[PDB]
C-alpha cells in the first residue's frame, strides 16, 4: 500500500504508521559541524569473512540480497554497539538523477545512492524480536557517488536483469560483502529508525564518512528496475528514498576528529 509516489509516499506514511512523526525517526541530515567527536567510541570491526549470501530479490520498493544468519558468519561489533550483530541483508536506495538518491544527507548534500547493510542483535534470538527493541538493529550506511566502476558491485549489477519486476528472486550464492566497503571506516552514529514502514525505532545508525564510487553504467542498471510486478503498468524503480527527518532531542557522534 505504501510506496514512493505522490499518493502513497513518505508524506502519507504517518496515516498508517503514526510513529512516522515520532522522536527518533530516520534518516536525518548529518550537520558535520554539530556532530561531536566522541573518543569513547571503539573501532568498527567488520567480520564478513565467512558470510553466506543466499538470494537476491526485488521486493517492489528496492532490491535486497539476503544472508544466512543462523550462525555467526558475518557479524559487526565494536563501534557504538554492545554485543554482536549478525548480517541479515543489504539493499540500496537511489535516485532518478545523480544529485539525489541517498537517504542520509551530509551538510544537506545528497548522494546518488546509499547502501544499507542490516544487522541484528543476537541477544534477541531472531530478527523479529530485535525489531521491537530500542537497540535491536544496526544499519551500516554507505554513500555511493558516480565515478569509476566498483568491481565488487558488478556481480550484483549483472543479475539485476533476472529480477526486473516485483517479487522475482534469483539464487545469489558466494557473494562477498567486503567488496562494497570503502577504504576507511570512519563513521557517524545516532539512534534512529527504519526508513521504510513500519519505521520501528530500533536502529543504531552507523554512517560511513567515505563514499564508494560506482560508474554511471552501474547506476544506470539500478534505474532499469521496476516497482511493478509482471503483467502490470511499467513504473521504473527510482527515487525510493525517504527525506530527512528532524533530529529533535538527538546528538550525532563522530568516530574521527
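Positions refer to the first chain, counted from 1.
Item to complete: Using the B-factors recorded in the PDB entry, average over the C-alpha atoms of 162-170 and of 133-141, then report which stretch comes out higher.
Response: Comparing 162-170 with 133-141, the higher average CA B-factor belongs to 162-170.
Worksheet entry | Residue stretch of maximal mean CA temperature factor, 219-227 vs 185-193 | Stretch with the higher mean C-alpha B-factor: 219-227.
Fill in: Top Cα B factor in the deposited entry, candidates 210, 38, 68, 201
Comparing C-alpha B-factors across 210, 38, 68, 201, the top value belongs to 38.
Worksheet item: Between 116, 178, 150, 86, which carries the biggest CA temperature factor in the record?
Response: Checking the PDB record, the top C-alpha B-factor among 116, 178, 150, 86 is at 150.
Worksheet entry | residue 95 CA temperature factor, ranked by third within the chain | Tercile = lowest for this residue's CA B-factor.
Practice prompt. Among all modelled residues of this chain, ranked by Cα B factor, put residue 18 in the bottom, middle or top third, i.e. lowest, middle or highest.
Written response: Tercile = middle for this residue's CA B-factor.
Fill in: CA B-factor ranking of residue 101, expressed as a third of its chain
Bottom third by C-alpha B-factor.
Practice prompt. Divide the modelled residues of the chain into thirds by Cα B-factor and specify which third, lowest, middle or highest, holds residue 109.
Written response: For residue 109, the deposited C-alpha B-factor lands in the lowest third.
Worksheet item: Lowest, middle or highest third of the chain for the C-alpha temperature factor of residue 34?
Response: Answer is highest: the recorded C-alpha B-factor places it there.
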